[PDB]
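[1] Experimental structure and sequence below.
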Protein chains: 6
Amino acid sequence: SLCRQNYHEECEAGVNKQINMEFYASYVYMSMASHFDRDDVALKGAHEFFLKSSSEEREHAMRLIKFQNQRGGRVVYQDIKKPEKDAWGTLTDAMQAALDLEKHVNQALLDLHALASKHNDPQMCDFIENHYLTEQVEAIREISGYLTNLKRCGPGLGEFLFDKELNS
Amino acid sequence: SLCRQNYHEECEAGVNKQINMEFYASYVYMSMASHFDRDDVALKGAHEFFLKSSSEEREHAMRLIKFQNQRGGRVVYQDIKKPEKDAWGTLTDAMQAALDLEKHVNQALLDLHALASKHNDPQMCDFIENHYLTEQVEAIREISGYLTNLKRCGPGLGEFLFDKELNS
Amino acid sequence: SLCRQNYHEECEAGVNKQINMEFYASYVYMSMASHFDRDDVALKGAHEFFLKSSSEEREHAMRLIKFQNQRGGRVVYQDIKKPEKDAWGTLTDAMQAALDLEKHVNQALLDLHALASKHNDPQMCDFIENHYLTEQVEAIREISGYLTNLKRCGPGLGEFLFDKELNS
Amino acid sequence: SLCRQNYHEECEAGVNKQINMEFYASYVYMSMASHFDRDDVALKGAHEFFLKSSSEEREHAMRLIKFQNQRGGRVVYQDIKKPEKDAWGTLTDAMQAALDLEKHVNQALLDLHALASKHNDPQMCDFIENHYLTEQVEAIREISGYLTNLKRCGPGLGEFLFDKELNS
Amino acid sequence: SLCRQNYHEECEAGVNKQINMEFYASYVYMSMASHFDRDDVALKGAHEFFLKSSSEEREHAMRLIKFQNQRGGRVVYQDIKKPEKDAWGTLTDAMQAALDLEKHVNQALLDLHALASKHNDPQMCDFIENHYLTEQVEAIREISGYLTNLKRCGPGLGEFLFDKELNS
Amino acid sequence: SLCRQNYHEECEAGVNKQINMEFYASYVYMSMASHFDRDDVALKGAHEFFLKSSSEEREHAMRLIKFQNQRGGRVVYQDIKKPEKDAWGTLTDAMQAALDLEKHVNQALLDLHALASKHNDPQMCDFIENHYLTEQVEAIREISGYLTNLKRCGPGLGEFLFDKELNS
Ligand SMILES: [Cl-]
Ligand SMILES: [Cl-]
Ligand SMILES: [Cl-]
Ligand SMILES: [Cl-]
Ligand SMILES: [Cl-]
Ligand SMILES: [Cl-]
Ligand SMILES: [Cl-]
Ligand SMILES: [Cl-]
Ligand SMILES: [Cl-]
Ligand SMILES: [Cl-]
Ligand SMILES: [Cl-]
Ligand SMILES: [Cl-]
Ligand SMILES: [Cl-]
Ligand SMILES: [Cl-]
Ligand SMILES: [Cl-]
Ligand SMILES: [Cl-]
Ligand SMILES: [Cl-]
Ligand SMILES: [Cl-]
Ligand SMILES: [Cl-]
Ligand SMILES: [Cl-]
Ligand SMILES: [Cl-]
Ligand SMILES: [Cl-]
Ligand SMILES: [Cl-]
Ligand SMILES: [Cl-]
Ligand SMILES: [Cl-]
Ligand SMILES: [Cl-]
Ligand SMILES: [Cl-]
Ligand SMILES: [Cl-]
Ligand SMILES: [Cl-]
Ligand SMILES: [Cl-]
Ligand SMILES: [Cl-]
Ligand SMILES: [Cl-]
Ligand SMILES: [Cl-]
Ligand SMILES: [Cl-]
Ligand SMILES: [Cl-]
Ligand SMILES: [Cl-]
Ligand SMILES: [Cl-]
Ligand SMILES: [Cl-]
Ligand SMILES: [Cl-]
Ligand SMILES: [Cl-]
Ligand SMILES: [Cl-]
Ligand SMILES: [Cl-]
Ligand SMILES: [Cl-]
Ligand SMILES: [Cl-]
Ligand SMILES: [Cl-]
Ligand SMILES: [Cl-]
Ligand SMILES: [Cl-]
Ligand SMILES: [Cl-]
Ligand SMILES: [Cl-]
Ligand SMILES: [Cl-]
Ligand SMILES: [Cl-]
Ligand SMILES: [Cl-]
Ligand SMILES: [Cl-]
Ligand SMILES: [Cl-]
Ligand SMILES: [Cl-]
Ligand SMILES: [Cl-]
Ligand SMILES: [Cl-]
Ligand SMILES: [Cl-]
Ligand SMILES: [Cl-]
Ligand SMILES: [Cl-]
Ligand SMILES: [Cl-]
Ligand SMILES: [Cl-]
Ligand SMILES: [Cl-]
Ligand SMILES: [Cl-]
Ligand SMILES: [Cl-]
Ligand SMILES: [Cl-]
Ligand SMILES: [Cl-]
Ligand SMILES: [Cl-]
Ligand SMILES: [Cl-]
Ligand SMILES: [Cl-]
Ligand SMILES: [Cl-]
Ligand SMILES: [Cl-]
Ligand SMILES: [Cl-]
Ligand SMILES: [Cl-]
Ligand SMILES: [Cl-]
Ligand SMILES: [Cl-]
Ligand SMILES: [Cl-]
Ligand SMILES: [Cl-]
Ligand SMILES: [Cl-]
Ligand SMILES: [Cl-]
Ligand SMILES: [Cl-]
Ligand SMILES: [Cl-]
Ligand SMILES: [Cl-]
Ligand SMILES: [Cl-]
Ligand SMILES: [Cl-]
Ligand SMILES: [Cl-]
Ligand SMILES: [Cl-]
Ligand SMILES: [Cl-]
Ligand SMILES: [Cl-]
Ligand SMILES: [Cl-]
Ligand SMILES: [Cl-]
Ligand SMILES: [Cl-]
Ligand SMILES: [Cl-]
Ligand SMILES: [Cl-]
Ligand SMILES: [Cl-]
Ligand SMILES: [Cl-]
Ligand SMILES: [Cl-]
Ligand SMILES: [Cl-]
Ligand SMILES: [Cl-]
Ligand SMILES: [Cl-]
Ligand SMILES: [Cl-]
Ligand SMILES: [Cl-]
Ligand SMILES: [Cl-]
Ligand SMILES: [Cl-]
Ligand SMILES: [Cl-]
Ligand SMILES: [Cl-]
Ligand SMILES: [Cl-]
Ligand SMILES: [Cl-]
Ligand SMILES: [Cl-]
Ligand SMILES: [Cl-]
Ligand SMILES: [Cl-]
Ligand SMILES: [Cl-]
Ligand SMILES: [Cl-]
Ligand SMILES: [Cl-]
Ligand SMILES: [Cl-]
Ligand SMILES: [Cl-]
Ligand SMILES: [Cl-]
Ligand SMILES: [Cl-]
Ligand SMILES: [Cl-]
Ligand SMILES: [Cl-]
Ligand SMILES: [Cl-]
Ligand SMILES: [Cl-]
Ligand SMILES: [Cl-]
Ligand SMILES: [Cl-]
Ligand SMILES: [Cl-]
Ligand SMILES: [Cl-]
Ligand SMILES: [Fe+3]
Ligand SMILES: [Fe+3]
Ligand SMILES: [Fe+3]
Ligand SMILES: [Fe+3]
Ligand SMILES: [Fe+3]
Ligand SMILES: [Fe+3]
Ligand SMILES: [Fe+3]
Ligand SMILES: [Fe+3]
Ligand SMILES: [Fe+3]
Ligand SMILES: [Fe+3]
Ligand SMILES: [Fe+3]
Ligand SMILES: [Fe+3]
Ligand SMILES: [Fe+3]
Ligand SMILES: [Fe+3]
Ligand SMILES: [Fe+3]
Ligand SMILES: [Fe+3]
Ligand SMILES: [Fe+3]
Ligand SMILES: [Fe+3]
Ligand SMILES: [Fe+3]
Ligand SMILES: [Fe+3]
Ligand SMILES: [Fe+3]
Ligand SMILES: [Fe+3]
Ligand SMILES: [Fe+3]
Ligand SMILES: [Fe+3]
Ligand SMILES: [Fe+3]
Ligand SMILES: [Fe+3]
Ligand SMILES: [Fe+3]
Ligand SMILES: [Fe+3]
Ligand SMILES: [Fe+3]
Ligand SMILES: [Fe+3]
Ligand SMILES: [Fe+3]
Ligand SMILES: [Fe+3]
Ligand code: NA
Ligand code: NA
Ligand code: NA
Ligand code: NA
Ligand code: NA
Ligand code: NA
Ligand code: NA
Ligand code: NA
Ligand code: NA
Ligand code: NA
Ligand code: NA
Ligand code: NA
Ligand code: NA
Ligand code: NA
Ligand code: NA
Ligand code: NA
Ligand code: NA
Ligand code: NA
Ligand code: NA
Ligand code: NA
Ligand code: NA
Ligand code: NA
Ligand code: NA
Ligand code: NA
Ligand code: NA
Ligand code: NA
Ligand code: NA
Ligand code: NA
Ligand code: NA
Ligand code: NA
Ligand code: NA
Ligand code: NA
Ligand code: NA
Ligand code: NA
Ligand code: NA
Ligand code: NA
Ligand code: NA
Ligand code: NA
Ligand code: NA
Ligand code: NA
Ligand code: NA
Ligand code: NA
Ligand code: NA
Ligand code: NA
Ligand code: NA
Ligand code: NA
Ligand code: NA
Ligand code: NA
Ligand code: NA
Ligand code: NA
Ligand code: NA
Ligand code: NA
Ligand code: NA
Ligand code: NA
Ligand code: NA
Ligand code: NA
Ligand code: NA
Ligand code: NA
Ligand code: NA
Ligand code: NA
Ligand code: NA
Ligand code: NA
Ligand code: NA
Ligand code: NA
Ligand code: NA
Ligand code: NA
Ligand code: NA
Ligand code: NA
Ligand code: NA
Ligand code: NA
Ligand code: NA
Ligand code: NA
Ligand code: NA
Ligand code: NA
Ligand code: NA
Ligand code: NA
Ligand code: NA
Ligand code: NA
Ligand code: NA
Ligand code: NA
Ligand code: NA
Ligand code: NA
Ligand code: NA
Ligand code: NA
Ligand code: NA
Ligand code: NA
Ligand code: NA
Ligand code: NA
Ligand code: NA
Ligand code: NA
Ligand code: NA
Ligand code: NA
Ligand code: NA
Ligand code: NA
Ligand code: NA
Ligand code: NA
Ligand code: NA
Ligand code: NA
Ligand code: NA
Ligand code: NA
Ligand code: NA
Ligand code: NA
């Protein structure tokens, strides 16, 4: 490939892994969104919030695909595994699972940064810092505060009202 | 579920199958799009066309997910299998594979319609006719004409110029 | 009648039945609306929601009357029976009765479609699909989610707040 | 009921009677409207005029329902009887029947006023004067002039042209 | 043809037949239009109405031609036979012939729908319902009411005035 | 007919012949247009150009129909014969056939002018000069230059690009 320069095969593989991981997170959120749109669950704020979250994760995957081609790597796709659950429970349960997901993705991003630092790839490090690491910190902090407020609001009416407040 | 009415368990399963099939088609197009954005392939019209195609297929999946919940079914997700190839060849090869994909999806939609007619589900039949069957016919006709023009244009310069003309 | 063509006397009678059924549903909702505007009930969201529902059902009747004349049938009116109750209970009770009403109307629409398919009346089938079957599916799904949220909110304050949120 | 004051049980019953009577008049006009939209009758001015008349009568019913609840009465619904005829004849015949209907409704309104005066209910009397008695006088005078002009115009062409002039 | 799928040779032939039938109806209306523009007939409303009708029928043919190519059929043209008459008589005579024409075309459309249902072609059925069957019902009802009003208006002055009112 | 003056029966017949000839040319172009919209031909510029040409020829027929009635002749319709071919070959073949058609129509227009000069019908001559003869000269010159450029461009890519340039 005429464009490849200072791009190590381990970094290329790490990017292909993160691409799969972002699509996976996209799929989880899709599943959460459809769970909260069940007639017997019917939390329209959660639905909209997880649908938007699913769409954002697809963007994160797509920016990595682009990055792979910009640097002269080869994108290699794997299966996008189905999420661990078919039903995500209450809005509190789902938000806990979402926190776990974002932290898992955050840890993979930090391993990917560590890979790029290790192979002296400053452009890859900056790409990751600039587009992913601060976004991850905000999302985790965001979900964590929701969890605190879901426990403050309590079940029943509290969950209905916390749900109203989700998107604004 | 308090909303379910005249919605047969075979139709619900058929919808879950089509949901997987639309995501799969989405993933194929994503792969085609990244293939045409390689520095050693570099056909920006194809890239944009398959990226838009991938996004449309995700919408088709999402309208089916919605339909499942509107009718009081339960969405059940499966793995989204990786596409058959890592490299899609020339713009002519990819467009042939895309035609094959759209016809495979079209046949599944026609089996799904047949399932809804068989179980006397007129609302499901109309949903499928209204949002999917004509859209499929247009897309197949569209790709077929591209194939005819790719063979008319020939390889090399013809492929470059046919690619310019793709999106408009 | 100079316009009648491929319009079977059983279909004409079925349309006259559905006309009565839509007016009946209109009258139920009128009664629900006046129940929630009692000084000792005083749920203004419910009032407005059932008043709008009553008006929509009158439109559904009127489109069928039109359809009867477009196809060269004769509209034949019957009494519009009074609703089963004078008092509809809590917002949860009324919404349950409304779900039952919409499902009863939906079943009559599906019998009417079955009548038109049976007599090979494709124009009548499409009319019913296009203007009634999807609208019915949305309304039933809508009311069902309200029921789920009314049970989540609980009685007292929950009912007051759920009522605020009804129309938006 | 915490709001009821100087509202006699005979007046409440009289209002429930008038509510039924306004819906009945609504239903008559609905039937007239569908009669003039038959392919073998086809007088589009009459159709539109009786459709608007039917809608106005529904408003008159709905203002009375409101009045019942404002005064702390209980609305009690009865069956809305079907109209006396399935076919209303010429535009002259229908307009004669409409005059008879409006005069019957007017006499019921005047009995209702007499009931409210008798029970010393000045607010109810004013409500009736303000929203119903002058409106009734205008409608009766209006229909009567139409009858005079329908007899002046004569049958055939006169009826076609008088019909053009109905709504403006 | 690379696009053809679930499109039976009998349906393709049925579409070619309907294409001829729509052009034929176009030609009839062209002839009616020129009849009412004769100096010795001179009914400018009829002229304009049949000229617009002729143009609409050409559109109906052209949408079918398109449909044939979208589905991967081959359009096959036949002669467009001249209309049965050179002179169409009074506005009442022409409108009767137009009613007969529209009903003949409507019956062919219903046979074509029956052909597509029989060969399990849901996309073709919906195409026909969506673009043709309701349009046919409206046109037949429309012409029938004109016939009723032409008989109400009578010959001479009535015909002149009914003609004024045709287009609006 | 009260308007006829200096309008010879041979000229009236000549106009009826040209009316048939313009409709025939309309039908040829319709067939060419549908040929270039086949999935296995797929030249969208040609399609649009022949569809517009077909529509223009219908206008030419319609202005002659009008002229017949303005002069107090009687329009007499004949069958519109189907075109000589079902398939028109390459864009070069079709354009050659179109040149032949326009020259055939041009020769008929010049015979018609000769008929009107011969019968001392200056108004008919001017009508033909003003609306037809220069339009014919432009169209023939136009198609001829296309033929020259189609031979310059060559088959394959040249045909694709010449087709892009057709309408602008
Ligand atoms: Cl290195
Ligand atoms: Cl659950
Ligand atoms: Cl988010
Ligand atoms: Cl990027
Ligand atoms: Cl790039
Ligand atoms: Cl792979
Ligand atoms: Cl996993
Ligand atoms: Cl799995
Ligand atoms: Cl759980
Ligand atoms: Cl859990
Ligand atoms: Cl969890
Ligand atoms: Cl991790
Ligand atoms: Cl490191
Ligand atoms: Cl590090
Ligand atoms: Cl490392
Ligand atoms: Cl290092
Ligand atoms: Cl990001
Ligand atoms: Cl944040
Ligand atoms: Cl920040
Ligand atoms: Cl927060
Ligand atoms: Cl809860
Ligand atoms: Cl069933
Ligand atoms: Cl390659
Ligand atoms: Cl697309
Ligand atoms: Cl949907
Ligand atoms: Cl929904
Ligand atoms: Cl699963
Ligand atoms: Cl697979
Ligand atoms: Cl796999
Ligand atoms: Cl390959
Ligand atoms: Cl290949
Ligand atoms: Cl392939
Ligand atoms: Cl398949
Ligand atoms: Cl079936
Ligand atoms: Cl089937
Ligand atoms: Cl089946
Ligand atoms: Cl069945
Ligand atoms: Cl779709
Ligand atoms: Cl298309
Ligand atoms: Cl289409
Ligand atoms: Cl094309
Ligand atoms: Cl190439
Ligand atoms: Cl029948
Ligand atoms: Cl109560
Ligand atoms: Cl509603
Ligand atoms: Cl209707
Ligand atoms: Cl109508
Ligand atoms: Cl009756
Ligand atoms: Cl009942
Ligand atoms: Cl009763
Ligand atoms: Cl109760
Ligand atoms: Cl109850
Ligand atoms: Cl109940
Ligand atoms: Cl029922
Ligand atoms: Cl049936
Ligand atoms: Cl059925
Ligand atoms: Cl049945
Ligand atoms: Cl049957
Ligand atoms: Cl509806
Ligand atoms: Cl809904
Ligand atoms: Cl919907
Ligand atoms: Cl809800
Ligand atoms: Cl309560
Ligand atoms: Cl008192
Ligand atoms: Cl009658
Ligand atoms: Cl009025
Ligand atoms: Cl009031
Ligand atoms: Cl109030
Ligand atoms: Cl009662
Ligand atoms: Cl009565
Ligand atoms: Cl009765
Ligand atoms: Cl009578
Ligand atoms: Cl009478
Ligand atoms: Cl009477
Ligand atoms: Cl009375
Ligand atoms: Cl009194
Ligand atoms: Cl008095
Ligand atoms: Cl009294
Ligand atoms: Cl008194
Ligand atoms: Cl009033
Ligand atoms: Cl007045
Ligand atoms: Cl006044
Ligand atoms: Cl008057
Ligand atoms: Cl009359
Ligand atoms: Cl088949
Ligand atoms: Cl004549
Ligand atoms: Cl029309
Ligand atoms: Cl089409
Ligand atoms: Cl197309
Ligand atoms: Cl042929
Ligand atoms: Cl014939
Ligand atoms: Cl013939
Ligand atoms: Cl005749
Ligand atoms: Cl005749
Ligand atoms: Cl006739
Ligand atoms: Cl027929
Ligand atoms: Cl059939
Ligand atoms: Cl059938
Ligand atoms: Cl058949
Ligand atoms: Cl079959
Ligand atoms: Cl149509
Ligand atoms: Cl109509
Ligand atoms: Cl309609
Ligand atoms: Cl009419
Ligand atoms: Cl006459
Ligand atoms: Cl002469
Ligand atoms: Cl060919
Ligand atoms: Cl042209
Ligand atoms: Cl002219
Ligand atoms: Cl003129
Ligand atoms: Cl003839
Ligand atoms: Cl010929
Ligand atoms: Cl022939
Ligand atoms: Cl050829
Ligand atoms: Cl040739
Ligand atoms: Cl040739
Ligand atoms: Cl010639
Ligand atoms: Cl000469
Ligand atoms: Cl000469
Ligand atoms: Cl000569
Ligand atoms: Cl001479
Ligand atoms: Cl011209
Ligand atoms: Cl030119
Ligand atoms: Cl010029
Ligand atoms: Cl040129
Ligand atoms: Cl070529
Ligand atoms: Fe490198
Ligand atoms: Fe992410
Ligand atoms: Fe919950
Ligand atoms: Fe650093
Ligand atoms: Fe996120
Ligand atoms: Fe069911
Ligand atoms: Fe799709
Ligand atoms: Fe290539
Ligand atoms: Fe349909
Ligand atoms: Fe259908
Ligand atoms: Fe539709
Ligand atoms: Fe597609
Ligand atoms: Fe019939
Ligand atoms: Fe309804
Ligand atoms: Fe309550
Ligand atoms: Fe409803
Ligand atoms: Fe009192
Ligand atoms: Fe009234
Ligand atoms: Fe009459
Ligand atoms: Fe009135
Ligand atoms: Fe086939
Ligand atoms: Fe037509
Ligand atoms: Fe006449
Ligand atoms: Fe069907
Ligand atoms: Fe028509
Ligand atoms: Fe003469
Ligand atoms: Fe011409
Ligand atoms: Fe060619
Ligand atoms: Fe001149
Ligand atoms: Fe001259
Ligand atoms: Fe001039
Ligand atoms: Fe031309
Ligand atoms: Na690197
Ligand atoms: Na990897
Ligand atoms: Na690698
Ligand atoms: Na890899
Ligand atoms: Na991308
Ligand atoms: Na991108
Ligand atoms: Na890329
Ligand atoms: Na970059
Ligand atoms: Na690089
Ligand atoms: Na990989
Ligand atoms: Na899994
Ligand atoms: Na960690
Ligand atoms: Na790190
Ligand atoms: Na990693
Ligand atoms: Na390194
Ligand atoms: Na933050
Ligand atoms: Na909560
Ligand atoms: Na079903
Ligand atoms: Na399934
Ligand atoms: Na199932
Ligand atoms: Na399933
Ligand atoms: Na969705
Ligand atoms: Na959605
Ligand atoms: Na959903
Ligand atoms: Na739906
Ligand atoms: Na359902
Ligand atoms: Na599944
Ligand atoms: Na695979
Ligand atoms: Na197939
Ligand atoms: Na099917
Ligand atoms: Na299927
Ligand atoms: Na079934
Ligand atoms: Na198309
Ligand atoms: Na090519
Ligand atoms: Na029928
Ligand atoms: Na009945
Ligand atoms: Na009947
Ligand atoms: Na009946
Ligand atoms: Na109506
Ligand atoms: Na109406
Ligand atoms: Na009607
Ligand atoms: Na209709
Ligand atoms: Na009919
Ligand atoms: Na009845
Ligand atoms: Na009852
Ligand atoms: Na049922
Ligand atoms: Na049914
Ligand atoms: Na029924
Ligand atoms: Na039948
Ligand atoms: Na819905
Ligand atoms: Na509640
Ligand atoms: Na009183
Ligand atoms: Na009473
Ligand atoms: Na009382
Ligand atoms: Na009472
Ligand atoms: Na009211
Ligand atoms: Na009101
Ligand atoms: Na009220
Ligand atoms: Na009041
Ligand atoms: Na009171
Ligand atoms: Na009562
Ligand atoms: Na009665
Ligand atoms: Na009286
Ligand atoms: Na009085
Ligand atoms: Na009274
Ligand atoms: Na009293
Ligand atoms: Na007055
Ligand atoms: Na009259
Ligand atoms: Na077929
Ligand atoms: Na045929
Ligand atoms: Na065939
Ligand atoms: Na054929
Ligand atoms: Na066309
Ligand atoms: Na077209
Ligand atoms: Na076409
Ligand atoms: Na189509
Ligand atoms: Na096809
Ligand atoms: Na044919
Ligand atoms: Na003939
Ligand atoms: Na028939
Ligand atoms: Na049929
Ligand atoms: Na047919
Ligand atoms: Na078949
Ligand atoms: Na109509
Ligand atoms: Na007349
Ligand atoms: Na002459
Ligand atoms: Na001739
Ligand atoms: Na002659
Ligand atoms: Na002649
Ligand atoms: Na003309
Ligand atoms: Na004209
Ligand atoms: Na003319
Ligand atoms: Na002239
Ligand atoms: Na003349
Ligand atoms: Na002739
Ligand atoms: Na021929
Ligand atoms: Na010549
Ligand atoms: Na000449
Ligand atoms: Na000539
Ligand atoms: Na002469
Ligand atoms: Na020129
Ligand atoms: Na060429």
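    Done, it's in. Numbering: from 1, shown residues only, chains lettered A, B, ... in the order given. Ligands and ions are numbered 1, 2, ... in the order given.
[2] okay, CA-based contacts and neighbour counts for the rest of this
    Fine.
[3] The helix or strand where residue A:139 lies and ligand 18, are they touching?
    Using DSSP states H and E, residue A:139 sits within helix A:134-153. Yes: using Cα under 5 Å from the ion, helix A:134-153 reaches ligand 18 at A:138, A:142.
[4] and that helix, which residues are buried?
    A:136, A:139-140, A:143-144, A:146-147, A:150 (16 or more other Cα atoms under 10 Å in any protein chain shown).
[5] Adding distance to ligand 143 as columns, could you present those in a markdown table?
    Putting the buried residues of helix A:134-153 into a markdown table (distance: Cα to the ion, whole Å) gives the following:
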| residue | distance to ligand 143 |
| --- | --- |
| A:136 | 67 |
| A:139 | 62 |
| A:140 | 62 |
| A:143 | 57 |
| A:144 | 58 |
| A:146 | 53 |
| A:147 | 54 |
| A:150 | 49 |
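[6] returning to what we had before: who touches the helix holding residue A:139?
    A:91-92, A:95-96, A:98-99, A:102-103, A:106, A:158-159, A:162 (Cα atoms under 8 Å, 6 or more residues apart in numbering or on different chains).
[7] Go through these and flag which are in helices.
    Among those, the members falling in helices (DSSP state H) are A:91-92, A:95-96, A:98-99, A:102-103, A:106, A:158-159, A:162.
[8] Of those residues, which ones also sit close to ligand 104?
    Counting by Cα under 5 Å from the ion, no member of the ones in helices among the contacts of helix A:134-153 is near ligand 104.
[9] hmm, which two among those are most spread apart?
    A:106 and A:158 (29.9 Å; Cα to Cα).
[10] so what's residue A:77 closest to, chain neighbours aside?
    residue B:82 (6.3 Å; Cα to Cα, 6 or more residues apart in numbering or on different chains).
[11] Could you give the backbone dihedrals for the one you found?
    phi -70, psi 150 (degrees, to the nearest 10).
[12] Likewise for residue A:84?
    With angles defined as degrees, to the nearest 10, residue A:84 sits at phi -60, psi -30.
[13] With residue A:3 instead?
    Torsion angles, degrees, to the nearest 10, at residue A:3: phi -90, psi -20.
[14] pretty sure residue A:41 is touching residue A:34, no?
    No: applying Cα atoms under 8 Å as the test, residue A:41 and residue A:34 come out as separate, 9.9 Å apart.
[15] more neighbours, the two?
    Set side by side, residue A:41 and residue A:34 show more neighbours around residue A:34, with 27 against 19, by other Cα atoms under 10 Å in any protein chain shown.
[16] pretty sure that one is touching residue B:68, no?
    No: here residue A:34 does not reach residue B:68: they are 9.2 Å apart, not a contact under Cα under 8 Å.
[17] Adding neighbour count, write the contacts of helix A:134-153 out as a markdown table.
    Formatted as a markdown table, the contacts of helix A:134-153 follow (neighbours: other Cα atoms under 10 Å in any protein chain shown):
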| residue | neighbour count |
| --- | --- |
| A:91 | 22 |
| A:92 | 19 |
| A:95 | 21 |
| A:96 | 17 |
| A:98 | 22 |
| A:99 | 20 |
| A:102 | 18 |
| A:103 | 16 |
| A:106 | 20 |
| A:158 | 18 |
| A:159 | 22 |
| A:162 | 19 |
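[18] give me the number of residues near residue A:81?
    Residues lying near residue A:81 (other Cα under 10 Å) number 18.
[19] Please compute how far the strand or helix carrying residue A:32 lies from its chain's middle.
    In the assignment (DSSP H and E), residue A:32 maps to helix A:9-36. Offset of helix A:9-36 from its chain centre (Cα atoms, centre = their mean, to the nearest Å): 7 Å.
[20] Check chain A for the residue nearest ligand 186 and tell me.
    Distance from ligand 186 to each residue of chain A (Cα to the ion) is smallest for residue A:79, at 7.2 Å.
[21] Check the contact between that residue and residue B:78; I expect there is one.
    No: contact criterion Cα under 8 Å: residue A:79 and residue B:78 do not qualify, at 10.5 Å.
[22] Mind listing the shared neighbours of residue A:34 and residue B:68?
    With Cα under 8 Å, 6+ apart as the test, residue A:34 and residue B:68 both reach residue B:75.
[23] Against residue A:16, how distant is the residue in chain A positioned nearest to ligand 120?
    Chain A approaches ligand 120 most closely through residue A:66 (74.4 Å), counting by Cα to the ion. Distance, residue A:66 to residue A:16, by Cα to Cα, to the nearest Å: 11 Å.
[24] Looking at those two, which has the bigger crowd around it?
    residue A:16 (21 against 16).
[25] Now for that one: which residues touch it?
    A:65, A:75-77.
[26] Among those, which ones are in helices?
    Secondary structure assignment by DSSP H places residue A:65 of the contacts of residue A:16 in helices.
[27] Quick one: which of the contacts of residue A:16 is the most crowded by neighbours?
    Most surrounded of the contacts of residue A:16: other Cα under 10 Å gives residue A:65, at 25 neighbours.
[28] So that one sits against residue A:17, correct?
    No: applying Cα under 8 Å, one finds residue A:65 not in contact with residue A:17, separated by 10.7 Å.
[29] end to end, how far does stretch A:160-168 reach?
    Across stretch A:160-168, the terminal residues are separated by 14 Å (Cα to Cα).
[30] ok, that stretch near chain C or not?
    Yes: using Cα under 8 Å from any Cα of the partner chain, stretch A:160-168 reaches chain C at residue A:160.
[31] from the chain's centre, how far out does that stretch sit?
    Averaged C-alpha coordinates place stretch A:160-168 at 21 Å from its chain's average position (Cα atoms, centre = their mean).
[32] before we move on, back to that, against ligand 51, how distant is the residue nearest to the residue of chain A closest to ligand 120 when sequence neighbours are not counted?
    Closest residue in space to residue A:66, ignoring its immediate chain neighbours: residue B:34 at 7.5 Å, by Cα to Cα, 6+ apart. The gap separating residue B:34 from ligand 51 is 62 Å, by Cα to the ion, to the nearest Å.
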